[PDB]
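A.B. asks: Take a look at the following structure, please.
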Amino acid sequence: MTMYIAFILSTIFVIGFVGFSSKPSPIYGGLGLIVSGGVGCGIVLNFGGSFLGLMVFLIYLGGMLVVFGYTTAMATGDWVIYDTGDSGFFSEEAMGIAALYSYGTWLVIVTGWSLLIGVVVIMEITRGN
Amino acid sequence: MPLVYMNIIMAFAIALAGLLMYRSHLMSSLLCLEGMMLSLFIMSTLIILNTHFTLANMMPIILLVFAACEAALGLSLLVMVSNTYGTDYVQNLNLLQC
Amino acid sequence: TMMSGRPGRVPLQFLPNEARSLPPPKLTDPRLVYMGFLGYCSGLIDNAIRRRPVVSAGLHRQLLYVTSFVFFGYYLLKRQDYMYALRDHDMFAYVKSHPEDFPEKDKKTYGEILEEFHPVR
Amino acid sequence: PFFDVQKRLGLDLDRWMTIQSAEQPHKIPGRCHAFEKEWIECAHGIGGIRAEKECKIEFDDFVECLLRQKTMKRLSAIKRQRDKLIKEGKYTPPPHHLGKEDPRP
Amino acid sequence: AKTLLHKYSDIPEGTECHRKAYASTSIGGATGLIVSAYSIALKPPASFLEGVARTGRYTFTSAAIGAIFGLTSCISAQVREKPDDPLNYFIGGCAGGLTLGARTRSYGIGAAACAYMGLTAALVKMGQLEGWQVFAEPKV
Amino acid sequence: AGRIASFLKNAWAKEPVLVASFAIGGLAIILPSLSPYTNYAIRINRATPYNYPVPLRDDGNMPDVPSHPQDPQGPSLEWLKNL
Amino acid sequence: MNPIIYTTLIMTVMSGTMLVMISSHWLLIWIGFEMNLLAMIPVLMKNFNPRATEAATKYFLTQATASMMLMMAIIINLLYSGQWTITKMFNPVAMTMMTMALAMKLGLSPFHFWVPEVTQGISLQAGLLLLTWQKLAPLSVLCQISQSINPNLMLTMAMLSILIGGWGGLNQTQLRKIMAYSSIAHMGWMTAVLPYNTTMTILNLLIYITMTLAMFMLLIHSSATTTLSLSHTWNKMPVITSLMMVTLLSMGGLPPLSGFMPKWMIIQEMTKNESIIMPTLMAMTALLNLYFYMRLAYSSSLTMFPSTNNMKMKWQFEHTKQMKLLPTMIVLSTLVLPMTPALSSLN
Amino acid sequence: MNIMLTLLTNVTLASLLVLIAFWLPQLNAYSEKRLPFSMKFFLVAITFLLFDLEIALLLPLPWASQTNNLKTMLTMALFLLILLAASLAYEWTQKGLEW
Amino acid sequence: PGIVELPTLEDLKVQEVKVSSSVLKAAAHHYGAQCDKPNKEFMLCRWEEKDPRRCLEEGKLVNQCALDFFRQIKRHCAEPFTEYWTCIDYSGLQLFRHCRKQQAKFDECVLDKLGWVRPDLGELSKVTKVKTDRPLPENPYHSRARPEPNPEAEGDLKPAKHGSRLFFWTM
Ligand SMILES: CCCCCCCCCCCCCCCCC[C@@H](O)O[C@H](CO[C@H](O)CCCCCCCCCCCCCCC)COP(=O)(O)OCC[N+](C)(C)C
Ligand SMILES: CCCCCCCCCCCCCCCCC[C@@H](O)O[C@H](CO[C@H](O)CCCCCCCCCCCCCCC)COP(=O)(O)OCC[N+](C)(C)C
Ligand SMILES: CCCCCCCC/C=C\CCCCCCCC(=O)O[C@H](COC(=O)CCCCCCC/C=C/CCCCCCCC)COP(=O)(O)OCCN
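Protein sequences, first through last, are from chains m, k, g, h, V, U, i, j and u. In terms of PDB author numbering, the first sequence is residues 1 to 76, 123 to 175. Here the second sequence is numbered in PDB author numbering, starting from 1 and rising by one per residue. Here the third sequence is numbered in PDB author numbering, starting from 2 and rising by one per residue. Here the fourth sequence is numbered in PDB author numbering, starting from 2 and rising by one per residue. Here the fifth sequence is numbered in PDB author numbering, starting from 2 and rising by one per residue. Here the sixth sequence is numbered in PDB author numbering, starting from 2 and rising by one per residue. Here the seventh sequence is numbered in PDB author numbering, starting from 1 and rising by one per residue. In terms of PDB author numbering, the eighth sequence is residues 1 to 33, 48 to 113. Here the ninth sequence is numbered in PDB author numbering, starting from 2 and rising by one per residue.
Next comes the structure, spelled out in C-alpha cells:
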C-alpha cells in the first residue's frame, strides 16, 4: 500500500498550512497557499471527486489566488471507508452537481442575486469620494 | 473517524490560529481566511462524496462561490485602507478605540 | 410552555378557526380603552414634536392614531385570549390523562393536624 | 424566529436537500438509505425528547453506518492479532490471501 | 476542566489538610494562568521577559491565596471539631484576603479582600450545604 | 412606431455589436416556447434507460404491463426511429 | 450613493435576514448570513471617511470569522449525523463552535470588542440599523436550537456581557459608544433566558428594539454626537430633551415604564427554574446602566448647560424632515407596562 | 498513477533543463562586474474574479441538459446568463470600464 | 449483537460463464430476448428480498440459462458469432456501429437456424410483470415496532379560567 498516500497528502496539506500560517512576507504565504491548494485538489481527485477537484484547481488557484497575488504585487487507516457497488453508466458526482438547474432553483436564484449585489457593492465601495 | 478528517480539522484550526495571531499585513489575514475556506471545501467534499449524498454535491461549489465573493469584498476594503495610509499594516487602524 | 411545536398548528395564522369558539372582547374593554389612550398620547407627542398647538393641531391625525391603536389592540386581545384558553385546555387535558401524577389529596381537618406554636415574647 | 413560510404555502424551497433519502436524481441511493429511512420513520410525529429516548437504536445504527467506528475497531483488532501471531509464527495465511487463489468472474 | 473541582470536593472537609491545600493551590494556579494569559493578550507590556515575569507573579499570587485559604479552612474545621460550618470557610477567605493584601502590600486591599473573600467563601459553603444552584438546569 | 424604427436604424449604425447581441439573446429567450420540437427533446430524454427496469410482481390485473419485451404492450420507440 | 442603489442594498439586507429566519437548511441559513454581510458593508460606508472605512473593515473581519466558524460547525454536525435540517445539534463540539459563531455575530462578550468601535466610526443612521436589525438573524437561529445549547456557556457569556456593558458604559462620553455598551448589556440580559423560555427572549428583543429605535431617532433629530452637543439641545427643542430623559429612564428598568417589563418577566422565568443567584446579580449589575443613563439625563435635560451665541440663529429655522413613527416608538417604549400579559401572544 | 508519473517527468525534465542552462555558462570565469497604485487594475481584477465565479456556476451545463425538466433547466440557465449580462451592463453604464 | 449467517462455499459453487465482456456484448440482445424469464425472476427476487443470501437459487438458474443459450449459439452459429464478437472486441469502446455488417450476418444466420428475432429499439428497456410463486416478504427491512404516537387530545375550547392569572392582572 502506497505508504498511506491519503495520509501523506493530508500531512503535506497540514505542513503547507503551518508554513503559510506564520504569515511571512505575504507573497511567500501566498505561495504556500497555492502549494496547499494543489495538495488539497490532489486529495479530492484521489478520493474520486474529479469535477470538484478540477473546480478547485480552476476557480481557486487560477482566479482567486491570482487576484490575491495581483493585489499584493500592486502594493509594496484510509481506503476502508469506500463503497462496494458501482455507479452505473454515469458519474454520480456529475449528476448531483448538474442537478443544480433542475432541482436547486432556489439556490440558483439566491446565488445569482448575491453575485449581482456583490458587483454593485464592489463598485460602490471602490467609487471613493 | 479516520485520520484524513482529523488532519483537515487540524489544518482548519491552524489557519484559524494564524488568522487570530495578527502579526501585520492584513493581506495575511485575508489569506488565513481563505485557507480556512479551502479546508472547509475539502472537508465538505470528502464527507459528501463518502456517503454518496448525491444531491449534496451542489454544496461545495455554492460555498466556494459565496466565499470567493467575500474575499473580493475584503480585498476592496484593504485597498481603501492602503489608499488612506500608503500601506496595509494592521496597527494603523487605531483611530477607533473602546 | 413552548406551544410552538403544538400539533395541528397552522404555521402563520394569527387567529385559528377554533379561536372563534371564544367570546370576543367587548368594545368597552378597559384594555381597549388603554390602547385608545396610548393612541391619544402618541397624537399629543406628535403635535409636540412638530411644534404645533398640542391639544388642537390635527384632529384627523389624532383620530387616526386612536383608531389604529384600537384596531390593533382589539385583534391583539383576541389572540391573547385564544392563547390563554389553549394553555388552560392543554393543562386540564394533561391533568385528566395522567391521574397517577396528580393524586387526590387526602382531605384533612385542622382539628387532627398538629402545627407547632411559636409564642411571641 | 422560524417563520415556516414553506409549510404555509407548500413551496418546497429547500426541503429536498435536507436528507439522504429524498428523491435523488436517477434514483441514486445514499450509502445509508435504509438506516436513515428506519430512523426517520421511527422518530416521525413523536417529538424531540421522545425520539431521542425511544429511537436510540435506529440512530445508533445510522451513526454506525455513517462513520463505521465499530467496524474499524473490529478490523484493527483482527489485523493486530494476526500480525502478532504471524510474528510469533503460529499462523500462516492461506493461498487466497496470498494472491495464489483462483479468481472468479 | 472540572477535574480539579472533583479532586477538591472528593476529599472530606475535616481530613487530609495537605491534599486540600494542594487542590486549592492547583485551582489558584489555573486561575492565575488564565488571568495572566488574558492580561498578556490585552496588554503586551514591553517584551518576553516582562511578560513571563508578570505571568509568574500573577500565578504565584493566585496559588498562594488558594493554598492559604485551603490550609486555613481545613485547619479550622479540624480544630473546631465542627465540620459543615461556614465559619471555617469565612476564616479561610479572610486569611486568603490577608495574604492578597500582604502581596500587594497595602492595608486597605488586605482588609477589603479579607471581608469580601470571607463573605464569598461563607456563601459558597452555605450553597454547598443547601444545594444552591448557580447555573440551574431548565426544569420548566 | 417611427421613433422606434429611427432608434433601431441609429443603433444599427455606430453600434452593430450590441444590436446583434440583443437580437440573438431575445431570439434565444423567445423561440423555445414556440418550437414544436421541445416536447420531442423531453420525450427523447425520458426514453433513455439509465437504470435497470425492475419488473413488477404479477397479480393477474395488469393488462397494460407486458409479460415479455417482445409483447405489444408497453411504450414503443417507433416515433424516435422515424426521427 | 444613488437612492435606488441604497434602497436595493437595504432590500438585500432585509432579504438576507428573512432568508435566515424562514429557512430550514443550514446551507441556506449560511447563505442568508453571507448575503446580509455582503450588503451591509456599503451601508456603513455611505458617508465616506477614514473612520467609516476602518469600522467597516473591523466589522467585515469579525463577521467573516464568525461565518467561517458557523460553517465549520455545520460541517462537523453533518459529519456526525447526516442531517442538514436546523434541529438538535447531535454533537457537543459542533454546538460549542456554533455558539461561539453566533456570539461573534451578536456581540456577546468576550467577543464584544468590535461593537463600540464599529458604532463609533459609522454614522447615526448606520448605527441604528446595525444595532437593531442585525440581532434578528442570530437570535432567531439561537432560538431555533435552544434545546441543545449548553446552559453553562450561554449563562456565563450572558453574565460576562452584562458585567462588561455595565462597566464600560460608565467611562464613555460619546453617545454612540454609550449605545454600543447599552446594546451589549441588553443582549447579555436577553440571551440569559434562552435555555428557559424563548418567548421572554423575543419579548425582550422587541422592547429593546423599540427603546433603541426611539433613542437613536431622538439623537438624529437633535444632531448631537458627544455629550456636550446633547447638552446644548435644551436651548432649541426642550421637548426633545424631556422625551429623551423619559426614554432614558425607561431604558434603565425603572417602573412603571415599559423598560421594566422584560427584566421583571425574565427574572420571573429564571425563578421558576430555581435560579436565584444569577437574576439578583444581573439586577445589581443593571444598576450601572441606570447610573450612566442618569448621568446622561442630568447632562441633557434636568440641568441647563451654558449655551452659545450662534444658537440664536438656530431658533429661526424648523426641522425640515420629520421622521414618522417616532411618537409611536416613544409611547411604545414608555407606557406599555399595563399590557404586559399580551406577551402570551408568543410575539 | 500514470498522470502522477507524467507530471513528475514533465517537472523533472523542465527543472533539469533549466539548471543545466543556468550552470553551463557558470563554469567559465568572466569579469563578473511604487506610489501610484492605479485603481483600474484592481477593478479589472475584481471584475474578472466575479465573472469567473459566474462561469463556475455556469459550467455544469453539458450534463444539465439531460434532466427531463428541460423547461426548468432552460429557465434557470437563461436566468443565470441574464444576471451575468445585467452585471456587465451595470458595470458598463456606471463608468466601471474606463481607462 | 447477533451472529451473521453466511452460506457455505459449497452453496456458492456453480458453472461460471467463462466468456469475456466483448463476447457477452455481441450476443447481449438475443440473450436478453431469449433468457428473459429467469433473469426477470432473479432481479425481482433481488429487489424484493433486499438480501443476496435469499436469492442463490435464482442466480444458479440464470447461470444455467445463460450457459444453455451460449451452448445453442456454439452448436448452430459458431463462426458468424466468432467474427461478430472479434469485431466488437477490437474497438476500444466496443461500438455496435463499427461493423453492422457482421451483426447483420449473425442475425440472419441465427434467424435461419434457431428462428430468433432481434429485439427492436425500446423493447429490452420495458418494465414487465413476473408470475412467481415466491411469497411476498412481509417485512424486508427487519424493522421494529413503531413507538406509540402522542395522545393528540381533542375538545371544545373554553375561556381561560380567571383570565391570564399573571400576577395582579384580573383579565
Ligand atoms: C410566490 C411569491 C411571489 C412574490 C414574492 C417574491 C419574493 C422574492 C422572489 C423569489 C421567490 C420566487 C419563488 C421561486 C421558488 C422556486 C421553486 C418554485 O418556483 O418551483 C420551481 C418551478 O420553477 C420555476 O420555473 C421557477 C422560475 C422562477 C425564476 C425566474 C425569476 C426569479 C426572480 C426572483 C428574484 C431574483 C432577482 C430579481 C430578478 C428580476 C420548481 O420547478 P419543478 O419542475 O416543479 O420542480 C423540479 C424538482 N423536481 C425534479 C423534484 C420535480
Ligand atoms: C412595544 C412592544 C412591541 C411592539 C411591536 C410593534 C407592534 C406593531 C406590529 C404590527 C403587528 C405584528 C405582526 C403582524 C400580524 C401578522 C403576522 C402573524 O401572522 O404572525 C403570527 C405571530 O404574531 C406575532 O407573533 C404577534 C405580534 C404581537 C406583538 C405584541 C406583543 C408585545 C407584548 C408586550 C407589549 C403589549 C402590546 C403594547 C402595544 C402594541 C404568526 O405566529 P407563528 O408564525 O405561528 O409563530 C412564530 C413565532 N415562533 C416561531 C416563536 C413560534
Ligand atoms: C432582453 C435580452 C437581454 C439578454 C441579451 C443580451 C445579453 C448580452 C448583451 C448585453 C451585455 C451588456 C450590455 C450593456 C449595455 C450598455 C449600453 C451603453 O451604455 O452603451 C452606450 C451605447 O449603446 C447604445 O447606443 C444604446 C444601446 C444600443 C442598442 C441596444 C439594443 C437595441 C435594440 C435591440 C433589438 C434590435 C431589434 C430586433 C431586430 C430583430 C431582427 C429583425 C454607450 O456607448 P459607449 O460604448 O460607452 O461609448 C464608446 C464610444 N465613445
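In this text, a Cβ means the ideal position worked out from N, Cα and C, and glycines have one as well.
How many Å lie between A2/U and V13/i at the Cα?
C.D. replies: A2/U and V13/i: Cα-Cα distance of roughly 42 angstroms.
A.B. asks: Can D89/g and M172/u be called in contact, C-beta distance under 9 angstroms?
C.D. replies: No, the pair does not count as a contact, with Cβ atoms beyond the cut-off.
A.B. asks: Three or more C-beta pairs closer than 8 angstroms, one from the stretch 65-79 of chain u and one from the stretch 102-113 of chain j: is that the case here?
C.D. replies: Contact fails: fewer than three Cβ-Cβ distances are below 8 angstroms.
A.B. asks: Step through the CB atoms of chain U and report whether any lies within less than 9 angstroms of the CB of residue 36/j.
C.D. replies: Here chain j is numbered 33 followed immediately by 48, so the structure offers no position for residue 36/j.
A.B. asks: Please indicate yes or no: does the CB of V165/m lie closer than 8 angstroms to some heavy atom of ligand 3?
C.D. replies: False, no ligand heavy atom lies under 8 angstroms from that Cβ.
A.B. asks: Note the first and the last residue of the continuous alpha helix (DSSP H) segment covering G19/m.
C.D. replies: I5 to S21 is the span of the alpha helix (DSSP H), which, as asked, contains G19/m.
A.B. asks: Is it right to say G6/g is buried, meaning 16 or more other beta carbons lie within 10 angstroms of its own, or is it exposed?
C.D. replies: When all chains shown are included, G6/g counts as exposed.
A.B. asks: Hey, does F4/h have any beta-carbon neighbour from chain g nearer than 9 angstroms?
C.D. replies: Cβ-Cβ to chain g under 9 angstroms: yes for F4/h.
A.B. asks: Establish whether the CB of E170/m and some CB of chain i are separated by less than 9 angstroms.
C.D. replies: By this cut-off, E170/m is an interface position.
A.B. asks: Along the alpha helix (DSSP H) that carries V34/g, what are the first and last residues, could you check?
C.D. replies: Its alpha helix (DSSP H) spans residues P31 to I50.
A.B. asks: Suppose you measure from the CA of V131/u to the CA of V18/u; what does that come to, to the nearest Å?
C.D. replies: So the alpha carbons of these two residues sit roughly 25 angstroms apart.
A.B. asks: Near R51/i, what residues of its chain come up, given a Cβ to Cβ distance below 7 angstroms and the 5 sequence neighbours on each side ignored?
C.D. replies: Closer than 7 angstroms at Cβ, skipping near neighbours: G121.
A.B. asks: Figure out for me which residue from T56/V, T32/V and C18/V has the closest Cα to the Cα of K3/V.
C.D. replies: Minimum Cα distance to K3/V is reached at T32/V.
A.B. asks: Curious, which full-length beta strand (DSSP E) runs of at least 3 residues does the stretch 12-65 of chain U contain?
C.D. replies: Taking only runs of at least 3 residues, no beta strand (DSSP E) segment lies wholly in the stretch 12-65 of chain U.
A.B. asks: To be precise: take each residue of the stretch 72-94 of chain i, compare its Cβ to all Cβ atoms of chain h, and keep it if any distance is under 9 angstroms. Which residues remain?
C.D. replies: Going along the stretch 72-94 of chain i in chain order, one finds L79, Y80, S81, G82, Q83, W84, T85, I86, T87, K88 and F90 with a Cβ nearer than 9 angstroms to chain h.
A.B. asks: Can a CB atom of chain V be found closer than 9 angstroms to the CB of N152/i?
C.D. replies: At least one chain V Cβ lies under 9 angstroms of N152/i.
A.B. asks: For chain u, check one thing: does any of its Cβ atoms lie closer than 9 angstroms to the Cβ of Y53/U?
C.D. replies: So yes, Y53/U belongs to the interface.
A.B. asks: Any heavy atom of ligand 1 closer than 8 angstroms to the beta-carbon of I155/m?
C.D. replies: Answer for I155/m: yes, Cβ within range of ligand 1.
A.B. asks: Using the three-state DSSP reduction, which class does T156/i fall into: helix, strand or coil?
C.D. replies: Here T156/i sits in helix by DSSP.
A.B. asks: Closer than 7 angstroms between beta carbons: that is the criterion. Which residues of the stretch 77-108 of chain j meet it against chain m?
C.D. replies: Within the stretch 77-108 of chain j, the residues whose Cβ lies closer than 7 angstroms to some Cβ of chain m are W77, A78, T81, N83, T86, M87, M90, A91, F93, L94, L97, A100, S101, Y104, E105 and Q108, listed in chain order.
A.B. asks: Quick check on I164/i - is its C-beta less than 9 angstroms from some C-beta in chain m?
C.D. replies: It does not: the Cβ of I164/i has no partner Cβ on chain m nearer than 9 angstroms.
A.B. asks: Tell me the rounded alpha-carbon separation between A140/m and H52/k.
C.D. replies: So the alpha carbons of these two residues sit roughly 12 angstroms apart.
A.B. asks: Bridge partners of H25/i, per DSSP?
C.D. replies: Paired residues: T85/i.
A.B. asks: Distance cutoff 9 angstroms, beta carbons only. Does residue 129/k sit that close to anything in chain m?
C.D. replies: Examination of residue 129/k is not possible in this model, given that chain k is present from 1 through 98 alone.
A.B. asks: For the alpha helix (DSSP H) that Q74/U lies in, which residues bound it at each end?
C.D. replies: Per DSSP, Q74/U belongs to no alpha helix (DSSP H) and is neither H nor E.
A.B. asks: In chain order, what residues of the same chain lie with their CB nearer than 6 angstroms to the CB of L125/u, ignoring the 5 residues before and after it?
C.D. replies: If we look at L125/u and ignore the five residues flanking it on each side, its Cβ neighbours are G33.
A.B. asks: Tell me, please, whether the stretch 95-111 of chain i touches the stretch 150-157 of chain i by the rule of three or more beta-carbon pairs shorter than 8 angstroms.
C.D. replies: These segments touch.
A.B. asks: Is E24/h near ligand 1, in the sense that its beta carbon is under 8 angstroms from a heavy atom of that ligand?
C.D. replies: For ligand 1, at least one heavy atom lies less than 8 angstroms from the Cβ of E24/h.
A.B. asks: Is the distance from the Cβ of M304/i to the Cβ of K236/i below 9 angstroms?
C.D. replies: For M304/i and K236/i, no; Cβs fall outside 9 angstroms.
A.B. asks: Could you compute how far the alpha carbon of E112/j sits from the alpha carbon of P74/j?
C.D. replies: Taking the straight line from one Cα to the other gives about 33 angstroms.
A.B. asks: For the stretch 38-66 of chain U, enumerate the residues whose C-beta is nearer than 8 angstroms to any C-beta of chain u, in chain order.
C.D. replies: Cβ contacts with chain u come from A48, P50, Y53, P54, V55, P56, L57, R58, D59, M63 and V66.
A.B. asks: Does DSSP classify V18/u as helix, strand or coil?
C.D. replies: In the structure shown, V18/u sits in coil (DSSP, three-state: anything other than H, G, I, E or B).
A.B. asks: Taking a cut of 8 angstroms between CB atoms, which residues from the stretch 266-283 of chain i lie near chain V?
C.D. replies: For the stretch 266-283 of chain i, which is checked against every Cβ of chain V, the residues closer than 8 angstroms are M270, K272, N273, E274, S275, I276, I277 and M278.
A.B. asks: Quick test of the definition: if touching needs 3 or more C-beta pairs under 8 angstroms, does the stretch 66-79 of chain V touch the stretch 87-96 of chain V?
C.D. replies: Contact holds: three or more Cβ-Cβ distances are below 8 angstroms.
A.B. asks: Given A12/U, which residues of its chain have a CB within under 6 angstroms of its CB, disregarding the five upstream and five downstream residues?
C.D. replies: So the list reads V20, once near-sequence residues are dropped.
A.B. asks: Pick out the complete alpha helix (DSSP H) segments inside the stretch 60-100 of chain h, 4 residues or longer, and give them in chain order.
C.D. replies: Here the runs fully enclosed are 70-89.
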